[PDB]
Amino acid sequence: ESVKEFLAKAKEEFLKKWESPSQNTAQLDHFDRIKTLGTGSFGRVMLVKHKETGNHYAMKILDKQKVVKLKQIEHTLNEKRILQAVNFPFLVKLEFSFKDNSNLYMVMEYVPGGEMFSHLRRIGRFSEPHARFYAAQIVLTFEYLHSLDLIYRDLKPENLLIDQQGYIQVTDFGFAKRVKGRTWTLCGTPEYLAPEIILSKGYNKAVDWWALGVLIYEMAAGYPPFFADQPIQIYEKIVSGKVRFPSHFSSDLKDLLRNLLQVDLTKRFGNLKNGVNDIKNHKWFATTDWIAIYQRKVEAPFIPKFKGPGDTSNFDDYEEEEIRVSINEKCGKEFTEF
Amino acid sequence: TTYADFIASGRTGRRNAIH
Ligand SMILES: NS(=O)(=O)c1cccc2cnccc12
């Protein structure tokens, strides 16, 4: 019942910001641009130093013309409107946002520990207690997001950053959407798509719980439950309704994953009468103190190396691209609310 | 092994979202 009351106040705070979003809270020359931390189809994320405070931030830069060509206008508006309104310990904080003639900018907290992706690939796989620690944070985050009628739709290790306390920060809200009914957009990452997305059905927040199953599997096995050289081959595996588990998976882990990687929506955990509690009370989580996880009181399985402020040694190197801003405003009407 | 198959595959790097 206290979770219920906690979520009620969270929704009151969210809706205030959802209905009156922050806008134009900094400008580009408030920052020095240091180094690219990551890229994507839209767009790139740069380490920046805020001149007036000396704080470092991670600045996502989107080219408005590219956003238009990729038909991501509404998604980009979703991303910023949602990110500026949410507030949860495991969600990266949006500190500033603004736009200029050419680009959109979202300035987020810099999370120096690197992507979970990097650590997972290097180490091979996480122990089940390690994976469970991370998984518990995603469970709580989706409980929070779903209570706000938000679907996240892009869970993967690439989007989970490890902070200096060893806890997760979720990044990349590019496909997040506030929706009370079903929705239909084919989006996500191939390995993580639920069957109902691939099959062009209307779908709902249950796709995030499927994606959680993929994430737990990949953390504990070191590889995804459905992988191939091409996405079409991955989709055929996803919709087949068959999953194979490594022999070192515990019985409890396999049982949890069978209920998350469940094609049948009337049986998939997270989606049933008991909601998230079917997950929180599962035997695999028996050792998890959910309040202590939320409070960040649990000892983390590992603390990323910290070589100082502004150091990026936990991130890959990327080819550096200039930030060109045209003398003419592009796509002004499309992004007027950004 | 399944691990060896994954490691030899073309999708062990960062995965892009579908658009
Ligand atoms: N992984 S990343 O470089 O794309 C990224 C995106 C958004 C926020 C971030 C925050 N700190 C580090 C990297 C960040």
Side-chain angles (χ1 to χ4, degrees), chain A residues 88-92 111-143 152 155-164 166-171 191-192 208-225 227 243-261 269-270 276 279-282 284-296 298-304 306 313-316, chain B residues 1-3 6-7 12-15:
Chain A
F88 202 67
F90 312 129
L91 294 179
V92 73
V111 190
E115 300 169 0
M116 173 189 296
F117 180 84
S118 302
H119 299 286
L120 175 60
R121 289 292 181 272
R122 175 168 178 102
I123 200 68
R125 67 194 195 217
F126 300 155
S127 67
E128 293 195 23
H130 197 162
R132 175 164 45 235
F133 172 81
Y134 295 143
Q137 294 167 59
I138 300 303
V139 170
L140 294 176
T141 302
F142 284 170
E143 184 170 32
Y152 175 65
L155 186 68
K156 52 182 170 187
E158 293 91 315
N159 286 346
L160 305 175
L161 283 279
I162 312 296
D163 65 24
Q164 218 33 239
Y167 280 74
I168 278 168
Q169 296 268 283
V170 177
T171 68
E191 283 83 346
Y192 283 76
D208 281 335
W209 294 122
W210 173 283
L212 174 65
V214 181
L215 178 74
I216 295 171
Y217 185 114
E218 188 180 323
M219 290 193 292
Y223 50 77
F227 70 87
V243 54
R244 281 214 330 117
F245 299 108
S247 41
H248 62 83
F249 273 23
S250 70
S251 294
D252 288 342
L253 176 54
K254 298 188 288 189
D255 184 86
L256 173 61
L257 294 177
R258 289 188 183 101
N259 286 282
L260 289 168
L261 303 175
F269 271 17
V276 65
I279 296 162
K280 288 166 107 173
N281 295 323
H282 191 276
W284 194 66
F285 281 112
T287 62
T288 296
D289 185 341
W290 295 95
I291 300 305
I293 291 288
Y294 170 88
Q295 295 174 346
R296 310 166 69 100
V298 180
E299 175 191 331
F302 107 92
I303 304 292
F306 173 80
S313 57
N314 294 315
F315 291 88
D316 285 332
Chain B
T1 73
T2 307
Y3 163 87
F6 177 65
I7 292 300
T12 70
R14 292 190 172 79
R15 297 155 292 195

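Only heavy atoms go into these numbers, but all of them, side chains included; no hydrogens, no water, no symmetry mates. Here is how names work: the chains are called A, B, and so on, in the same order as the sequence lines, proteins then strands, and each is numbered from 1.
Using cut-offs of 30° and 60° on the angle between ring planes, the pair A/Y217 and A/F245 is tilted.
Note: A/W210 CH2 to A/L260 CG = 9.5 Å, rounded to the nearest 0.5 Å. Atom CG of A/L212 is separated from atom OH of A/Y192 by 9.5 Å, given to the nearest 0.5 angstrom. Put simply, CD on A/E128 and CD1 on A/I216 are 10.0 Å apart, with the number rounded to the nearest 0.5 Å. To the nearest 0.5 angstrom, A/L253 atom CG is 9.5 Å from A/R258 atom CZ.
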Given side chain to side chain contact (heavy atoms under 4.5 Å, CB included), test A/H282 with A/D255 step by step and report yes or no. CA-CA 9 Å; A/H282 191 276; A/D255 184 86; 2.7 Å; yes

Checklist line | side chain to side chain contact (heavy atoms under 4.5 Å, CB included) evaluation trace for A/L120 with A/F126 | finding: CA-CA 7 Å; A/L120 175 60; A/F126 300 155; 3.7 Å; yes

- Could you walk me through whether A/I138 and A/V170 pass the side chain to side chain contact (heavy atoms under 4.5 Å, CB included) check? CA-CA 8 Å; A/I138 300 303; A/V170 177; 4.1 Å; yes

Checklist line | Trace of the side chain to side chain contact (heavy atoms under 4.5 Å, CB included) decision for A/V276 with A/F142 | finding: CA-CA 9 Å; A/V276 65; A/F142 284 170; over 6 Å; no

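Judged by distance alone, the side chain of A/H119 and the main-chain N or O of A/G113 form a donor-acceptor pair under 3.5 Å. Here the side chain of A/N259 pairs no donor or acceptor atom with the backbone of A/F269 at under 3.5 angstrom. A/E158 places a side-chain N or O within donor-acceptor distance of the main-chain N or O of B/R15, the cut-off being under 3.5 Å. The main-chain N or O of A/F306 is never found under 3.5 Å from a side-chain atom of A/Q164 such that the two would form a donor-acceptor pair.
In this structure, A/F285 and A/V139 approach most closely via the heavy-atom pair CZ-CG2, 4.2 Å. The shortest heavy-atom contact between A/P112 and A/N314 is O-ND2, 3.0 Å. Scanning all heavy atoms of the two residues, the minimum distance from A/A136 to A/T288 falls at CB-CG2, 3.8 Å. Across all their heavy atoms, A/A131 and A/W284 have their closest contact at C-CH2, 4.0 Å. The shortest heavy-atom contact between A/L257 and A/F249 is CD1-CE2, 3.5 Å. Across all their heavy atoms, A/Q137 and A/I168 have their closest contact at OE1-N, 2.7 Å.
For the pair A/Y167/A/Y134, no side-chain contact is recorded, criterion being any heavy-atom separation below 4.5 Å from C-beta on. Put simply, the side chain of B/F6 reaches to within 4.5 Å of the side chain of A/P224, judged on heavy atoms. No side-chain heavy atom of A/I162 sits under 4.5 Å from any side-chain heavy atom of A/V111. Between A/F90 and A/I293 there is a side-chain heavy-atom pair separated by less than 4.5 Å. Between A/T141 and A/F88 there is a side-chain heavy-atom pair separated by less than 4.5 Å. Contact annotation: the side chain of A/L256 never approaches that of A/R132 to less than 4.5 Å [non-hydrogen atoms, C-beta and beyond]. You'll find the side chain of A/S118 stays beyond 4.5 Å of the side chain of A/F315, heavy atoms only. Side chains of A/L155 and A/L160 form a contact here, defined as non-hydrogen atoms less than 4.5 Å apart.
Checking A/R121, A/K156, A/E115 one by one against B/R14, the side chain to side chain contact (heavy atoms under 4.5 Å, CB included) holds for a single residue, A/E115.
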